[PDB]
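Below, each chain spelled out in residue letters.
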Amino acid sequence: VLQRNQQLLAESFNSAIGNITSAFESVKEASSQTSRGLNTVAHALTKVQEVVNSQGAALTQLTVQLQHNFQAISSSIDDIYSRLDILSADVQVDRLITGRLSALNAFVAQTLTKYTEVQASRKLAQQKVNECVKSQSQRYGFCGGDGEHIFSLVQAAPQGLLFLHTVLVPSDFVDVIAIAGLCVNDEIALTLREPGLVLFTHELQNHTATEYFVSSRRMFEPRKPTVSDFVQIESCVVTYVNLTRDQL
Amino acid sequence: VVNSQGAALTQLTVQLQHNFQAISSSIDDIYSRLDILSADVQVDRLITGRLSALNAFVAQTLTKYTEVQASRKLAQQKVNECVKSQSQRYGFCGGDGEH
Amino acid sequence: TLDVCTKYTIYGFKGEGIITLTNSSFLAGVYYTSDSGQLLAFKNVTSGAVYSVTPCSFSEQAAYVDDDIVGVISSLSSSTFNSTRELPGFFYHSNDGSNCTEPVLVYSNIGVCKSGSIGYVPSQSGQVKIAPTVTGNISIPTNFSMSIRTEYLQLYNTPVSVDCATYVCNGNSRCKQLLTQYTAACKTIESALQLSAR
Amino acid sequence: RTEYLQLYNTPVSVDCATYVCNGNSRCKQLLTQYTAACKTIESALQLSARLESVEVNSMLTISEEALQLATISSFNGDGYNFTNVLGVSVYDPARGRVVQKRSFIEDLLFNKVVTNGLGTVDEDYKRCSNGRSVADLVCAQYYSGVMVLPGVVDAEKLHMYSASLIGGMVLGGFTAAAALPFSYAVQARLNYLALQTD
Amino acid sequence: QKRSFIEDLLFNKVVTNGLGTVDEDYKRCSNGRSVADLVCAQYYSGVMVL
Amino acid sequence: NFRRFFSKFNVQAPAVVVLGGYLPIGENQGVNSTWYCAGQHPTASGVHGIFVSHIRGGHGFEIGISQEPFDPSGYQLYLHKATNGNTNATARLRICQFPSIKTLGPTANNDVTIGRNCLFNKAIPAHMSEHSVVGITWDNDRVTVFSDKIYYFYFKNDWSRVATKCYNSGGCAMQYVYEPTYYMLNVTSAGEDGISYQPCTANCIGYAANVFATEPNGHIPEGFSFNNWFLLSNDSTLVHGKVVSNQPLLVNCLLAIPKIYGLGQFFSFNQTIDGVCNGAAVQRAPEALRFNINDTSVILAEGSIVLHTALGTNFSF
Amino acid sequence: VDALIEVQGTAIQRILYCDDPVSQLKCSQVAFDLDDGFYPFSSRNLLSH
Amino acid sequence: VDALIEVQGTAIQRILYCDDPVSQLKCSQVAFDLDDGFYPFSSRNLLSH
Ligand SMILES: *[C@@H]1O[C@H](CO)[C@@H](O[C@@H]2O[C@H](CO)[C@@H](O[C@@H]3O[C@H](CO[C@H]4O[C@H](CO)[C@@H](O)[C@H](O)[C@@H]4O)[C@@H](O)[C@H](O[C@H]4O[C@H](CO)[C@@H](O)[C@H](O)[C@@H]4O)[C@@H]3O)[C@H](O)[C@H]2NC(C)=O)[C@H](O)[C@H]1NC(C)=O
Ligand SMILES: *[C@@H]1O[C@H](CO)[C@@H](O[C@@H]2O[C@H](CO)[C@@H](O[C@@H]3O[C@H](CO[C@H]4O[C@H](CO)[C@@H](O)[C@H](O)[C@@H]4O)[C@@H](O)[C@H](O[C@H]4O[C@H](CO)[C@@H](O)[C@H](O)[C@@H]4O)[C@@H]3O)[C@H](O)[C@H]2NC(C)=O)[C@H](O)[C@H]1NC(C)=O
Ligand SMILES: *[C@@H]1O[C@H](CO)[C@@H](O[C@@H]2O[C@H](CO)[C@@H](O[C@@H]3O[C@H](CO[C@H]4O[C@H](CO)[C@@H](O)[C@H](O)[C@@H]4O)[C@@H](O)[C@H](O[C@H]4O[C@H](CO)[C@@H](O)[C@H](O)[C@@H]4O)[C@@H]3O)[C@H](O)[C@H]2NC(C)=O)[C@H](O)[C@H]1NC(C)=O
Ligand SMILES: *[C@@H]1O[C@H](CO)[C@@H](O[C@@H]2O[C@H](CO)[C@@H](O[C@@H]3O[C@H](CO[C@H]4O[C@H](CO)[C@@H](O)[C@H](O)[C@@H]4O)[C@@H](O)[C@H](O[C@H]4O[C@H](CO)[C@@H](O)[C@H](O)[C@@H]4O)[C@@H]3O)[C@H](O)[C@H]2NC(C)=O)[C@H](O)[C@H]1NC(C)=O
Ligand SMILES: *[C@@H]1O[C@H](CO)[C@@H](O[C@@H]2O[C@H](CO)[C@@H](O[C@@H]3O[C@H](CO[C@H]4O[C@H](CO)[C@@H](O)[C@H](O)[C@@H]4O)[C@@H](O)[C@H](O[C@H]4O[C@H](CO)[C@@H](O)[C@H](O)[C@@H]4O)[C@@H]3O)[C@H](O)[C@H]2NC(C)=O)[C@H](O)[C@H]1NC(C)=O
Ligand SMILES: *[C@@H]1O[C@H](CO[C@@H]2O[C@@H](C)[C@@H](O)[C@@H](O)[C@@H]2O)[C@@H](O[C@@H]2O[C@H](CO)[C@@H](O[C@@H]3O[C@H](CO)[C@@H](O)[C@H](O)[C@@H]3O)[C@H](O)[C@H]2NC(C)=O)[C@H](O)[C@H]1NC(C)=O
Ligand SMILES: *[C@@H]1O[C@H](CO[C@@H]2O[C@@H](C)[C@@H](O)[C@@H](O)[C@@H]2O)[C@@H](O[C@@H]2O[C@H](CO)[C@@H](O[C@@H]3O[C@H](CO)[C@@H](O)[C@H](O)[C@@H]3O)[C@H](O)[C@H]2NC(C)=O)[C@H](O)[C@H]1NC(C)=O
Ligand SMILES: *[C@@H]1O[C@H](CO)[C@@H](O[C@@H]2O[C@H](CO)[C@@H](O[C@@H]3O[C@H](CO)[C@@H](O)[C@H](O)[C@@H]3O)[C@H](O)[C@H]2NC(C)=O)[C@H](O)[C@H]1NC(C)=O
Ligand SMILES: *[C@@H]1O[C@H](CO)[C@@H](O[C@@H]2O[C@H](CO)[C@@H](O[C@@H]3O[C@H](CO)[C@@H](O)[C@H](O)[C@@H]3O)[C@H](O)[C@H]2NC(C)=O)[C@H](O)[C@H]1NC(C)=O
Ligand SMILES: *[C@@H]1O[C@H](CO[C@@H]2O[C@@H](C)[C@@H](O)[C@@H](O)[C@@H]2O)[C@@H](O[C@@H]2O[C@H](CO)[C@@H](O)[C@H](O)[C@H]2NC(C)=O)[C@H](O)[C@H]1NC(C)=O
Ligand SMILES: *[C@@H]1O[C@H](CO)[C@@H](O)[C@H](O)[C@H]1NC(C)=O
Ligand SMILES: *[C@@H]1O[C@H](CO)[C@@H](O)[C@H](O)[C@H]1NC(C)=O
Ligand SMILES: *[C@@H]1O[C@H](CO)[C@@H](O)[C@H](O)[C@H]1NC(C)=O
Ligand SMILES: *[C@@H]1O[C@H](CO)[C@@H](O)[C@H](O)[C@H]1NC(C)=O
């Protein structure tokens, strides 16, 4: 709680938001193959840029087939009706209306077809906004990817939403020996209870440094163990150190 | 599924042989045997039909791309969660039993 | 005439291509056709020799960068570019035979640089996570930093409505009287449309 | 239990101009009136191909430690076989470098479902233009204009990816002298789900 | 409340002013005495953009 | 001086062309007022065209553009290049939305309407000489670069103020022009040696917008308003858009300011036309004839034209 | 000759010929400027008649 | 008569008649061997003319 971690994290966050905001503008100037990877700003911008024109399209061509003539003298029904006898004109306009209704049948078939996947995607999106934002998910890589989730920001985007997930990433590793457990008198096995915690010894007895500490498997917080964190077992193994009451 | 994905390409060649109310399906044959006018009309019919057929084909293409997109999303999720770590949801990995 | 592009008229079919001789033996038919209507293989009835024809044209791909044609990929060994490099399955043509370390256009494992060199894209190396252990040696992470990721999703689409009666007829009375015979399609389309919208 | 999933599909490209006209000039001059459909279809095709190729190449994550530990020698089986799953090491082809080949089960399944010479393997298009042979089906749509793009990911890449993925569990500490026994990992998982005294 | 920096940037980047994203006033289509745009064309045709 | 400036752009020897624009006139030829905007009969509309010839510091040359109306929706021009060397004079030229500063110098905020990145981002070679200068000119949609080979760019925007990063420059080193001028150019040498640059007297605007330069390949030169040209349409016309079609654009020879057709000039669709071509000439059979009509009354009063058909029929207008 | 014409208020401007493979590609996409990428081209066969 | 013909290098082999409901089903699927399963059949009506 010495507050240097807090300021380091805050300044790193400010620098990261600054450079991502810069990357929003002129991304292609210094974009690499890694910069255009999955869950990157370039991928999102190109996806939205293409999808906005994709959704804005598929309407202009609907007017086109009206000009098309279906084996008739002309595409204008008023032109045909007032120039030729009622019989063949009626037959030709029947052909015209049948073709036009078939075309709009195909169009409307495409419409609810489009509605289906947006239904499914909106279901997934509401799930994700319910679970990754308002609370904390325990599934690794589910929110954002390949890292634990801390929090997210939500921004309105044309025809949808944009998610800005902040992922904490490690940069250094600490390599220490581990100890399986303890046996006092080689009948009383003193063993740690919760698997998420682990007990280690910093270095060895080479210079009388047999100090024992307990910490989580992701955070490096060496702290003194507590009696309530251990349990007693009647069976012992070779791997457990055979200590005595004086050294307890 | 392997034969299903390997199919849907052979029939694309088939409609080329189909004649759309024209003398013959070979444009070179028609152009050098009949006047430019009706030959142009017939080749216009041919190209319109062919472009409509390939429009249907390309419409089918991205339609296929959609569900493989969704399935690959699900697959990457499953490989991220059921393999590298241990899931706490009963029956989620494999089924009706702890993973 | 053989081994040259020529306008040929064989057995009532006329085409354009290069004709060549093949070392195949067949005792049936006079010509062989594919499912494309092309009479590729025909037999010399007097001698029994077989010949095959291929078009004098080809389709090829090009890689355009900046304001000039830099990359040409094809299956022919002749090209405008000075350098012709054989690659598994095809030929590449360029004006530079140097190394390609910073490709601009990348696809699969193949990348092309601005200068025109081609190369194999090295495999991307991902992140690392430590497997669970209960004894021995553990690399506990520390000295964390930020990595902000982006995500975009859609939830809704723009709806559209239309009246079939006005679309198929511009206010005429006799036309709509004729249309009254077949109307269930209009009812179906509108019933779908407004229901989905609502 | 068994499970099978798909992630990618084979892409295809085509030139409309060559498909609708076999090199004639007047025909393409007439076609120039209506061309926006060609632009639409090709824009959709190459855009869709490029985006999926980029994302699938970004999907893969590779570790060299798993590459080191994937060998049979680097794996210390203890009551478990892992032989038909783990690949066969020390292979020296004409290249002269050690490579990884298929193991038992997958090599069985490829030769079961995939017939040799099918469309799964990459197709050399040079032979189509080489000539003096009876053209197969592939050259037919090559002349037509249908281009079958090479697979975005090679099978060897998938196999080495699988080898890397399966080696994650045995990955203990960094620069481990010896791989941790699988029985220890099984004990670790059993303890993680619940405490045990046996 | 108005738009902040990033979103106001992205709207003006991807959306051109006067495009179909903004609501369209259909009164001008019936007002007349002007060269009808594309929107009035499908308005006369019967296509209603909700 | 002016010879190099005229020789920057190439023109065929058998051609005479009148150029109109904010051409350099004097080192310190400037406005007598403080107005910078444009209105009715605009002359003092700021620096319409700027030219650089000399430096005092020598570190480099930088130019940028702005406007008093201060509309951030449009583009902005910024260029930088290094002097003391022809090879090192590769100018980096940018028509982009630069955030810059709302004021002059790093004292205020930036532009918050810059969503898209840029449009024009190029490197253009340049050369340094005593009589060679580098310039930029803007006029309505057109913008032109007087450096090496000519540039024409089409974009509707407004600009009224010019900024130079390098303050170490004398008054005569920079030259700003604000009033268009008309000059008749006549280069009968197929090279940099121009015969004369006498100013035009009458019919200058019409001559400028009607005279071409027949390229050796027959292509039409760039930089034409095409005021007296229309698309060839059988029915209807495209109000706005783009299209590709076969049209009568390739030219074999061009005749302007004519005198000889008053003697019953004869044209045949078979043989190449005879006359003083506007530069290069191509020996090809004509396909169609295009007429640029100045005055209808000349044809109405005494103009007599007869159409001779292949059959031999006569059609008198 | 065949060329790309852009009209704005019945005004002829920005002419562009197509007697070149680069020009042919440019006017095959009715775009003055084309983004970097991969495009198909047809082998020349008009040299010999 | 109507029968299923398989050609390999312009060689006639593996003849198979279709004068039988089993043979009719066999040559309705151009397969010499058919997997076990459910298939449709049409009632005979050629007995009486
Ligand atoms: C998580 O992040 C922290 C912060 O960076 C790391 O702590 C640093 O560790 C590295 C390497 O272990 C240190 O680098 C070297 O450390 C030597 C000994 O460290 C002591 O002295 C430094 C002051 O120099 C103290 O900051 C430190 O706490 C120790 O008390 C130094 O002698 C080295 O000095 C060299 O560099 C300096 C410039 O920094 C020169 O002036 C010297 O002349 C000499 O060339 C060097 O600094 C680093 O100092 C540590 N920093 C801090 C703040 O502790 C953790 O190691 C890391 N966790 C991991 C990797 O698991
Ligand atoms: C703290 O102290 C305890 C108590 O010593 C250590 O636990 C181990 O305890 C055993 C039993 O006292 C020690 O003896 C070893 O027994 C192992 C299993 O018992 C077998 O004994 C005989 C002989 O092997 C078998 O026939 C019988 O079926 C049992 O299965 C054996 O595996 C060991 O044998 C080793 O030595 C013999 C020679 O005596 C060799 O022939 C064998 O091949 C093998 O190498 C042994 O007999 C054992 O020594 C104790 N372990 C240790 C490491 O000393 C805890 O391990 C200790 N904790 C720490 C941290 O040191
Ligand atoms: C290959 O095919 C091309 C066209 O199909 C033919 O034309 C040119 O050939 C030259 C000869 O190698 C090549 O271009 C030359 O490159 C030289 C070295 O390149 C380096 O340096 C330049 C900058 O100078 C960098 O841009 C480049 O990336 C390299 O780092 C240059 O020195 C040359 O410049 C010289 O050009 C002329 C002619 O030599 C001189 O008079 C000039 O003064 C100047 O010094 C030149 O740029 C390249 O292959 C082709 N050029 C282009 C633009 O395509 C070749 O004949 C053919 N064969 C070979 C072997 O290239
Ligand atoms: C992750 O954790 C596991 C579990 O402990 C390690 O496995 C053992 O790790 C310990 C400590 O890391 C190892 O002990 C070390 O042995 C190394 C061997 O190098 C020397 O070995 C002999 C010993 O004298 C020398 O003769 C020889 O020339 C080698 O130079 C050394 O790092 C240490 O031994 C001695 O090395 C030098 C040179 O003698 C001395 O100056 C040192 O002071 C030191 O005394 C050290 O003792 C043990 O061998 C490992 N055993 C097994 C079975 O793995 C993993 O190694 C660890 N992963 C790592 C560290 O990457
Ligand atoms: C508006 O409406 C008018 C109708 O009034 C259209 O005018 C037609 O335009 C087309 C296009 O040019 C004309 O077609 C041309 O006919 C020429 C004459 O044909 C003779 O020569 C060919 C061999 O080329 C013989 O097969 C034939 O039997 C005749 O003997 C053709 O020669 C033209 O093709 C060739 O022209 C030149 C000749 O060298 C080549 O350079 C060309 O590349 C091309 O190969 C061409 O087909 C047609 O005659 C016109 N009709 C009339 C009545 O004038 C307009 O096109 C239409 N649109 C517009 C915008 O105006
Ligand atoms: C450049 O300007 C000069 C001057 O021409 C003047 O302006 C024109 C618009 C006309 O009105 C001319 O009548 C007027 O003088 C021209 O170049 C020179 O033109 C003279 C013509 O007077 C050429 O002399 C010719 O010489 C030949 C060979 O001896 C005689 O057969 C002719 O009868 C005539 O006398 C002279 O060679 C020519 N010199 C050069 C260097 O151009 C010209 O009009 C104009 N340039 C162009 C390309 O038009
Ligand atoms: C130019 O006009 C000539 C003659 O044709 C005339 O014009 C046509 C438009 C029609 O109205 C005709 O009824 C009318 O008579 C033609 O050129 C002639 O033919 C060739 C073409 O170059 C040339 O001479 C020829 O040379 C060959 C080879 O030696 C001989 O075999 C021929 O017999 C002929 O002599 C020459 O230009 C011209 N010759 C003659 C004798 O007139 C052509 O039709 C037309 N167009 C062109 C030349 O492009
Ligand atoms: C949050 O991020 C901004 C940058 O995105 C950090 O700097 C801020 O930058 C802007 C523009 O450069 C400053 O605006 C200022 O406007 C005045 C006129 O009112 C002008 O004279 C200045 O030259 C400048 O353009 C803004 O003041 C500045 N914010 C500051 C200095 O606090 C900002 O520092 C970041 N904030 C934090 C808490 O990290
Ligand atoms: C309609 O047009 C045709 C051409 O398309 C005219 O035919 C041409 O007429 C002129 C004079 O009428 C002829 O010139 C004559 O040539 C002879 C020598 O052959 C000469 O002795 C005469 O003094 C005169 O100059 C020319 O030959 C002739 N050309 C053809 C191909 O017939 C026709 O005259 C026009 N109609 C009328 C009513 O003028
Ligand atoms: C520079 O290039 C040579 C050969 O040119 C190409 O190199 C690659 C880009 C690839 O496209 C090859 O197919 C080309 O021939 C390189 O020599 C090759 O190196 C690769 C591995 O780097 C090896 O697999 C090949 O067998 C080598 N071929 C030969 C003929 O030696 C060379 O390594 C490149 N240099 C650098 C620094 O990358
Ligand atoms: C993040 O932004 C800071 C400035 O705020 C910059 O110095 C740093 O290089 C950026 N990081 C990356 C990875 O671009
Ligand atoms: C055919 O014969 C052999 C293969 O059978 C081959 O090497 C030879 O070149 C061919 N001859 C031709 C095609 O004339
Ligand atoms: C070119 O030379 C000039 C000398 O004044 C120098 O200022 C400039 O930086 C140089 N540029 C390059 C690209 O070398
Ligand atoms: C042209 O018209 C004029 C009318 O003034 C006449 O004098 C002259 O002779 C005509 N030319 C010819 C060749 O007929």
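Residues numbered from 1 in each chain as written, not as in the entry; some residues may be left out. Chains lettered and ligands numbered in written order. Part of a larger assembly, values for the part shown. Heavy atoms only, no water.

- Structure determination for this PDB entry was carried out by cryo-EM, with a resolution of 4.7 Å recorded in the header.

- The PDB entry lists chain D under the name Spike glycoprotein, with Porcine epidemic diarrhea virus given as the organism.
- The title assigned to this entry in its PDB record is "Cryo-EM map of PEDV (Pintung 52) S protein with all three protomers in the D0-down conformation determined in situ on intact viral particles".

- The name that the PDB entry assigns to chain B is Spike glycoprotein, with the source organism given as Porcine epidemic diarrhea virus.

What to know about the overall build of chain D
- Regarding its fold elements, chain D presents nine helices and two strands.
- Traced from its N-terminal end to its C-terminal end, chain D shows the element sequence β-α-α-α-α-α-α-α-β-α-α.
- Taken over C-alpha atoms, the radius of gyration comes to 25 Å for chain D, far larger than the 16 Å a tight globule of 198 residues would show.
- Reported as C-alpha extents along the three principal axes, the dimensions of chain D are approximately 85 × 40 × 30 Å.
- The buried share of chain D, taken over its 198 residues, is 29%.
- Look at the contacts in chain D between residues 6 or more apart in sequence, and 52% of them connect residues 24 or more apart.
- Counting only carbon and sulfur atoms, one obtains 60% of the accessible surface of chain D, whose full area is about 12200 Å².
- Seen as two clouds, the 15 positive and the 18 negative side-chain charges of chain D have centres 10 Å apart. (Helix = DSSP H or I, 4+ residues; strand = E, 2+ residues; numbered from the N terminus. Rg over C-alpha atoms; globule rule 2.2 N^0.38 Å. Buried < 20%, exposed > 50% of the residue type's maximum accessible area, 1.4 Å probe, protein only. Contact = heavy atoms within 4.5 Å. Areas by Shrake-Rupley, 256 points an atom, 1.4 Å probe, with all protein chains shown as cover. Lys, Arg positive; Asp, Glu negative; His and termini not counted. Charge placed at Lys NZ, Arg CZ, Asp CG, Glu CD.)

Describing the side chain of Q247 of chain F
- Checked against the element boundaries, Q247 of chain F lands in the loop between β13 (240-246) and α3 (296-301).
- Here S245 of chain F takes part through its side chain, which lies 3.3 Å from a polar atom of the side chain of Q247 of chain F.
- In contact with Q247 of chain F, other than residues within four places in its own chain, are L231 and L232 of chain F together with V1 of chain G. (Polar contact = N/O pair within 3.5 Å; in protein donor to acceptor, adjacent residues only side chain to side chain.)

Observations regarding the interface of chain B and chain D
- Counting residues at the interface gives 27 residues for chain B and 23 residues for chain D.
- For the pair chain B and chain D, the two sides together bury roughly 2900 Å², of which 62% comes from carbon and sulfur.
- By the criterion of area lost to chain D, the three top residues of chain B are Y65, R72 and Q86 of chain B, representing 19% of everything that side buries.
- The tally of links between chain B and chain D comes to two salt bridges.
- The salt bridge partner of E55 of chain D is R72 of chain B, with a shortest N-O separation of 2.5 Å.
- One can count six residue pairs in polar contact joining chain B with chain D.
- Among the elements of the structure, α2 (10-17), α3 (27-31) and α4 (36-82) of chain B are those that each provide at least two residues to the side of chain B that touches chain D.
- The leading source of residues in the side of chain B that touches chain D is α4 of chain B, at 14 residues.
- Each residue belonging to the side of chain B that touches chain D can be placed in one class, and the counts come to 14 nonpolar, eight polar and five charged. (Buried area = accessible area lost by both parts, 1.4 Å probe. Salt bridge = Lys/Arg side-chain N within 4 Å of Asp/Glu carboxyl O. Nonpolar A, V, L, I, M, F, W, Y, C, P; charged D, E, K, R; others polar.)

Side note on the packing of aromatic side chains
- Going through the model one piece at a time under the given rule, you end up with 33 aromatic pairs over all chains.
- Judged by centre distance (5.6 Å) and plane angle (50°), the rings of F26 of chain C and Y32 of chain C are tilted.
- Ring centres of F226 of chain F and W229 of chain F lie 6.0 Å apart, and the angle between their planes is 85°; this geometry places the pair in the edge-to-face category.
- Members of the aromatic cluster, each reached through a chain of ring pairs, are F2, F5, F6, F9, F51, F146 and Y197 of chain F.
- Sitting over the face of the ring of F142 of chain A, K128 of chain A holds its NZ or CZ atom 4.0 Å from the ring centroid.
- Just above the ring of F142 of chain A sits the side chain of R139 of chain A; from NZ or CZ to the centre is 3.6 Å. (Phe/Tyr/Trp six-rings, centres within 6.5 Å; stacked < 30°, edge-to-face > 60°. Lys NZ or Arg CZ within 6 Å of the ring centre and 35° of its normal.)

Details of the sheet that holds strand β2 (residues 12-17) of chain G
- As summarised here, the arrangement of the three strands in space is β13(F)-β1(G)-β2(G), forming an open sheet in which the pairing is antiparallel. What marks the edges here is a single partner per strand, and that holds for β13 of chain F together with β2 of chain G. On average, each strand axis in the sheet is inclined to that of its neighbour by 20°, with strand direction left out of account.
- Summarising the sheet, β13 of chain F and strand β1 (residues 2-8) of chain G pair through seven bridges and their orientation is antiparallel. Bridge assignment links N246 of chain F to a residue of β1 of chain G, and that residue is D2 of chain G. (Pairing = 2+ DSSP bridges. Axes fitted to C-alpha atoms, helices over the stretch in contact; angles between N-to-C directions.)

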